[PDB]
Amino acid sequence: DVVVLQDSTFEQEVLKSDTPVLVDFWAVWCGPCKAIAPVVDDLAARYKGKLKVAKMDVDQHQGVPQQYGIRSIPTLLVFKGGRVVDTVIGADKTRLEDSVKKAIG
(Lines of atoms letter the chains of each structure in order from A and count residues from 1; the text may use other names and numbers.)
(Lines give C-alpha, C1' and ligand atoms only; values in the text may rest on other atoms or scores of the structure.)
Protein backbone atom coordinates (compact mmCIF):
# COMPACT_ATOMS: atom_id res chain seq x y z
CA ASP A 1 0.00 0.00 0.00
CA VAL A 2 2.93 2.50 0.53
CA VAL A 3 4.87 3.73 -2.48
CA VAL A 4 8.65 4.03 -2.10
CA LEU A 5 9.83 7.27 -3.70
CA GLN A 6 13.06 8.31 -5.36
CA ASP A 7 14.37 11.73 -6.33
CA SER A 8 13.90 10.70 -9.99
CA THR A 9 10.25 9.49 -9.50
CA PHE A 10 8.91 12.19 -7.10
CA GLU A 11 7.44 14.52 -9.76
CA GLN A 12 5.52 11.75 -11.45
CA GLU A 13 4.35 9.90 -8.32
CA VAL A 14 3.54 12.86 -6.12
CA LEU A 15 3.30 16.11 -8.00
CA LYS A 16 1.34 14.70 -10.93
CA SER A 17 -0.88 12.44 -8.79
CA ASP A 18 -4.57 12.69 -9.55
CA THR A 19 -5.39 12.00 -5.89
CA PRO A 20 -4.03 13.64 -2.80
CA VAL A 21 -0.64 12.29 -1.59
CA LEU A 22 0.80 11.83 1.88
CA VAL A 23 4.65 11.79 1.82
CA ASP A 24 6.38 10.53 4.91
CA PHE A 25 10.00 11.74 4.99
CA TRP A 26 11.88 9.24 7.14
CA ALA A 27 15.28 7.48 7.80
CA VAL A 28 16.24 4.10 9.30
CA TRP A 29 17.86 5.80 12.33
CA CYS A 30 14.82 7.85 13.30
CA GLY A 31 12.97 6.57 16.36
CA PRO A 32 9.95 8.91 16.19
CA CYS A 33 9.59 7.91 12.55
CA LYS A 34 8.86 4.38 13.77
CA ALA A 35 6.21 5.81 16.03
CA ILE A 36 4.41 7.49 13.09
CA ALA A 37 4.96 4.77 10.56
CA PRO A 38 2.08 2.55 11.73
CA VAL A 39 -0.30 5.57 11.47
CA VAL A 40 0.97 6.16 7.99
CA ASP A 41 0.36 2.49 7.08
CA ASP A 42 -3.06 2.65 8.74
CA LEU A 43 -4.00 5.74 6.68
CA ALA A 44 -2.77 3.99 3.54
CA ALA A 45 -5.15 1.11 4.22
CA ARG A 46 -8.04 3.30 5.47
CA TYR A 47 -8.06 5.66 2.54
CA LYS A 48 -6.98 3.30 -0.21
CA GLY A 49 -9.39 4.74 -2.78
CA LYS A 50 -8.81 8.38 -2.00
CA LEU A 51 -5.23 8.82 -0.89
CA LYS A 52 -1.82 7.87 -2.25
CA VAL A 53 0.63 7.13 0.49
CA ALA A 54 4.37 7.27 -0.22
CA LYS A 55 7.57 7.41 1.77
CA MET A 56 11.05 8.84 1.13
CA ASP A 57 14.26 7.74 2.84
CA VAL A 58 16.03 11.06 3.26
CA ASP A 59 19.40 9.25 3.28
CA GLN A 60 18.84 7.53 -0.03
CA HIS A 61 17.31 10.60 -1.71
CA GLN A 62 18.61 13.98 -0.67
CA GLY A 63 17.56 16.15 -3.62
CA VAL A 64 13.81 16.45 -3.02
CA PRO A 65 13.98 16.66 0.84
CA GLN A 66 16.28 19.56 0.33
CA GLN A 67 13.98 21.34 -2.20
CA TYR A 68 11.07 21.06 0.29
CA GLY A 69 13.06 22.36 3.21
CA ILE A 70 12.82 19.09 5.16
CA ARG A 71 15.02 20.00 8.15
CA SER A 72 14.13 17.35 10.66
CA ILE A 73 12.27 14.08 10.66
CA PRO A 74 9.73 12.80 10.86
CA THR A 75 8.21 15.32 8.53
CA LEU A 76 5.12 14.50 6.57
CA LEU A 77 3.76 16.49 3.64
CA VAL A 78 0.27 16.27 2.28
CA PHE A 79 0.06 17.19 -1.46
CA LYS A 80 -2.84 17.92 -3.81
CA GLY A 81 -2.54 19.11 -7.40
CA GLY A 82 1.20 19.56 -7.03
CA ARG A 83 0.85 21.85 -3.99
CA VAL A 84 1.66 21.36 -0.37
CA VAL A 85 -1.58 21.25 1.73
CA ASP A 86 0.23 20.96 5.04
CA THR A 87 3.59 20.18 6.57
CA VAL A 88 3.47 17.96 9.68
CA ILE A 89 6.60 18.25 11.74
CA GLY A 90 7.22 15.41 14.14
CA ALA A 91 5.09 12.32 14.91
CA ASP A 92 1.97 14.44 15.33
CA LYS A 93 -0.74 11.85 14.89
CA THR A 94 -3.62 14.28 15.31
CA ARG A 95 -2.32 16.86 12.93
CA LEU A 96 -1.55 14.14 10.34
CA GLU A 97 -5.11 12.75 10.48
CA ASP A 98 -6.60 16.22 10.23
CA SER A 99 -4.40 17.27 7.29
CA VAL A 100 -5.20 14.18 5.32
CA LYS A 101 -8.98 14.83 5.91
CA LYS A 102 -8.59 18.40 4.73
CA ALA A 103 -7.00 17.23 1.51
CA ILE A 104 -9.46 14.53 0.74
CA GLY A 105 -12.49 16.29 2.27
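Sequential numbering from 1, following the sequence displayed.
- Judged by mean Cα B factor in the deposited record, 58-66 ranks above the other of 58-66 and 36-44.
- Residue-level temperature factors show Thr19 in the highest third of its chain, judged at the C-alpha atom.
- In this PDB entry, the Cα temperature factor of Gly31 sits in the bottom third of its chain's modelled residues, the lowest group.
- When the modelled residues of the chain are ordered by their C-alpha B factor, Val100 lands in the lowest third.
- Ranked by C-alpha B-factor against the other modelled residues of its chain, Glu13 falls in the middle third.
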